[PDB]
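Quick note: numbers below take in every heavy atom, side chains included, and nothing from hydrogens, waters or symmetry partners. Letters go in sequence order (proteins before strands), and every chain restarts at 1.
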Amino acid sequence: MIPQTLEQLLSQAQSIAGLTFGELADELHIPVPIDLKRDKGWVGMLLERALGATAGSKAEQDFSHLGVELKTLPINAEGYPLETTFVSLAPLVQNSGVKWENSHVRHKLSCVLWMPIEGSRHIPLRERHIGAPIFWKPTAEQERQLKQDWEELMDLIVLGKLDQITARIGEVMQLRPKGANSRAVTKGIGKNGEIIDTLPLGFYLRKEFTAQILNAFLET
Amino acid sequence: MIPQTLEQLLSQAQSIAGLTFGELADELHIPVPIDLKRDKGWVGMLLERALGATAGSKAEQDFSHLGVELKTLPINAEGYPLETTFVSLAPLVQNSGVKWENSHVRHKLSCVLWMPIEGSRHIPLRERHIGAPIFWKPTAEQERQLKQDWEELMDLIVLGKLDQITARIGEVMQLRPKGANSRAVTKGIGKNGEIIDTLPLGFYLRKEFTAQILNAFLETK
DNA sequence: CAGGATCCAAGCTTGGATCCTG
DNA sequence: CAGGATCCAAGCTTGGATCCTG
Ligand SMILES: [Ca+2]
Ligand SMILES: [Ca+2]
Ligand SMILES: [Ca+2]
Ligand SMILES: [Ca+2]
C-alpha cells in the first residue's frame, strides 16, 4: 500500500497513467461525484489513495520517508494548466526572522511528483484521464524565482502590510485566500504590530510557472 | 434554546430539579447509555441541552450574555462530591505575566450554576436524579484561596518547572492531566525556557472545595 | 480571465467529564 | 483513595483543491 521505496512509488505512478478517474475510483471502491463543485479535492484525494499517501495527513510532505510531495495538476484540452497550484498556508504570525531555506514552501516544492489530470468541464468526471507522472526538482532558476517571490511576499506579511497584499504580487508565485470563505479568519500582524484577525492566505504557483514545468517535460 | 434573561435560565433550572436522567433524556429524545464509562460527559451534555447552552461550544462561559457558567456536580448517596470538578485547560505558553484578575479560571468561576446530580454507581443511569441548582459566586475567602492556588501553580508553569507538578499542589484547586491519554501533548515551557511538547494539564477543584459550597448552601450561606 | 471566494474530508483540539490500579 | 489516565462529541483547522463574477 504505502510505498517504502522511491522506485515503488514511481512504478505505481507509471501504472495508473492512462486510467480514467472512473476506472481508478472503481478499483479503490471509491464513489465518483457528478462533478467537483462540492468535492473540490476529490481528485487529489483519489491519487493519494492510489499512491499510498495518508489521507488528511499534516506532514510536511506526502511521503516524508522519501522526501516527496504529491500534487495533481489539472490540464485543459490543449495541455495547459487549468488552475493555479496551491502550495501551502502562509504563516501570518510567528514569522520572526524566517528564512527561505527552512520554509514550508521550499520543503513542499523541493521534490514534487506531479500527476497531470484532465480538468476540462466538458468531460464527465468519470471519464477524465490521469496523465503520466512528472518527477520534478526545481531548476536553479526556478528556485531563485520562488525564493524571490517568497521573500517579497513574506516581507509584506511580517511588516503588517497585509492590506497591501493582492494576488497580483509575485513573478511565479502569489498569495490568494485559503479558507472556507471570505469570512474565515486567522491571527495576523496589524499595521502597528498588534495581533489582528485576518483572512487566511496561501501560496499558489501561477499557471505560467507550472506550464513551464509541463513544457520542459514535453521537450524531453 | 438559549435563555434570554437570568430568571428564565434559573426558573428552567429549578423546574428540571427532581427529574431522573431517563425522564429528561426521553423528553429530549436522547438515547441513554448503560453507564458513563464510554460517555463521560453525557450528563453534562444532557444539562446543556435542557438549559439552552450550546453543544460543542468553546466560549469562555456557557451563557456569556448572562455571565453564567454551567457545571454538573456528581454527588454520592451521602451528598458528597464523587469527583473533582474540571475548570479549564491551564495555559502552558504565552502565559507571560498574566494576572489572576483576567485569568480563565477566575472568569469561568465568577458565577457558576451548579447542577448537582446523583452519581452513585448502584443507581442505574436512567434512575439518577438531577438536584436543585446552586447559583454560586465565590466568597472573598473562596476567591482568595483560588487565587493563591492559581498563582502557585502558574509559577511552576511559567518558570518551566512542569516536571515538579503533581496533583498534590494547591489547597483547594489542583493541576491534573486533561486529554485523550498520557500520550497527549500540547506546547509548554521546558527547563531552559524553550518551548517543548508536554502533557496537557487542567485546573480542577478539589472535592473539599465543592463540598464546602454544598455545605454552605445547606447552612444558609 | 483570473483574482477573490468558496467547499469537503478528516485529523486536531477543546469542553463535557469519569475511570481505575496499587 | 485519589492521583494519574482516559473516553466521547463536536467544533476548529488544515490539506485537498475548483468555483465564479464582473
Ligand atoms: Ca497529503
Ligand atoms: Ca500533496
Ligand atoms: Ca459548554
Ligand atoms: Ca460548562
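The torsion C1'-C2'-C3'-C4' is the criterion here, and for D:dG16 it is positive, giving a north pucker. Nucleotide D:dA17 shows a positive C1'-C2'-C3'-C4' value and thus a north, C3'-endo-like sugar.
Under 4.0 angstrom from either OP1 or OP2 of C:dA2 there lies no side-chain N or O belonging to A:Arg168. For the OP1/OP2 pair of C:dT6 and a distance below 4.0 Å, the side-chain nitrogens and oxygens of A:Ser182 include at least one atom meeting the criterion.
Look at CD1 on A:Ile30: it is 18 Å from P on C:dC8, rounded to the nearest Å. As rounded to whole Å, 16 Å separates atom P of D:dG15 from atom CZ of A:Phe63. With rounding to whole Å, B:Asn181 atom CG is found 11 Å from D:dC8 atom P. Rounded to an integer number of Å, the gap from CG of B:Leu199 to P of C:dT14 is 13 Å. Here D:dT13 presents its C1' atom at 17 Å from CZ of A:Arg183, a figure rounded to the nearest Å. Taking atom CG of B:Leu125 as the reference point, atom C1' of D:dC8 lies 14 Å away to the nearest angstrom. Rounded to an integer number of Å, the gap from CZ of A:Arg206 to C1' of C:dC1 is 13 Å. One can place CD of B:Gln61 at 11 Å from P of C:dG16, the figure rounded to the nearest angstrom.
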Using nucleotides 17-22 of chain D, report all nitrogen or oxygen pairs with the protein that are shorter than 3.5 Å.
unit_1 : atom_1 : unit_2   : atom_2 : d
D:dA17 : OP1    : A:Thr72  : N      : 2.9
D:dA17 : OP1    : A:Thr72  : OG1    : 2.9
D:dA17 : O5'    : A:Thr72  : OG1    : 3.4
D:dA17 : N6     : A:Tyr204 : OH     : 2.7
D:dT18 : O2     : A:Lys40  : NZ     : 2.9
D:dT18 : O4     : A:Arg176 : NH2    : 3.4
D:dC19 : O4'    : A:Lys40  : NZ     : 3.1
D:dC19 : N4     : A:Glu83  : OE1    : 3.2
D:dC20 : OP2    : A:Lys37  : NZ     : 2.7

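Classified by interplanar angle (parallel below 30°, tilted 30° to 60°, perpendicular above 60°), the ring pair A:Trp136/A:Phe209 is perpendicular. Using the six-membered ring where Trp is involved, B:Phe21 and B:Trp42 have ring planes that are tilted, between 30° and 60° apart.
If you take CD1 on A:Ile196 and NZ on A:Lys187, they are separated by 9.5 Å, rounding to the nearest 0.5 Å.
Using a 4.0 Å heavy-atom distance criterion, A:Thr166 is classed as a sugar-phosphate-only contact. Contact annotation for A:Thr186: no contact, since no heavy-atom pair falls under 4.0 Å across all strands. Nucleic acid contact class of A:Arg49 (heavy atoms, under 4.0 Å, all strands): sugar-phosphate only. A:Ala55 comes within contact range of the sugar-phosphate backbone alone, with a heavy-atom separation under 4.0 Å but no base atom that close. Using a 4.0 Å heavy-atom criterion, one finds that A:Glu69 contacts the sugar-phosphate atoms exclusively.
Residues A:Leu51 and A:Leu113 have side chains in contact (heavy-atom distance under 4.5 Å, counting atoms from C-beta outward). Between A:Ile117 and A:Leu73, the closest side-chain pair of non-hydrogen atoms is not below 4.5 Å.
Judged purely by distance below 3.5 Å, without hydrogens or angles, the side chains of B:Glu171 and B:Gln145 never pair a donor atom with an acceptor atom.
A salt bridge between A:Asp197 and A:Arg183 is absent, with no side-chain N of the basic residue lying under 4.0 Å from a carboxylate O of the acidic one. Classification of A:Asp35 and A:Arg121 as a salt-bridged pair fails, no side-chain N sitting under 4.0 Å from a carboxylate O.
Ranked by how close their nearest DNA chain D nucleotide is to the 5' end, A:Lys108 and B:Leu175 are led by B:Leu175.
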inquiry  = Before you tell me yes or no, could you show the steps for B:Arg176 and B:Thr84 under side chain to side chain donor-acceptor pair (under 3.5 Å), namely the whole-Å CA-CA distance, both residues' side-chain angles and the distance that decides it to 0.1 Å?
reply    = CA-CA 10 Å; B:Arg176 304 223 308 293; B:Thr84 56; 2.9 Å; yes
request  = In sequence, state the C-alpha distance, the side-chain angles, and the governing distance for B:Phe63 and B:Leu70, and then conclude on side chain to side chain contact (heavy atoms under 4.5 Å, CB included).
outcome  = CA-CA 8 Å; B:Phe63 305 93; B:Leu70 169 67; 4.1 Å; yes
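In DNA chain D, stems built from 3 or more consecutive Watson-Crick or G-U wobble pairs, each with both distances under 3.5 Å, span C:1-22 with D:1-22.
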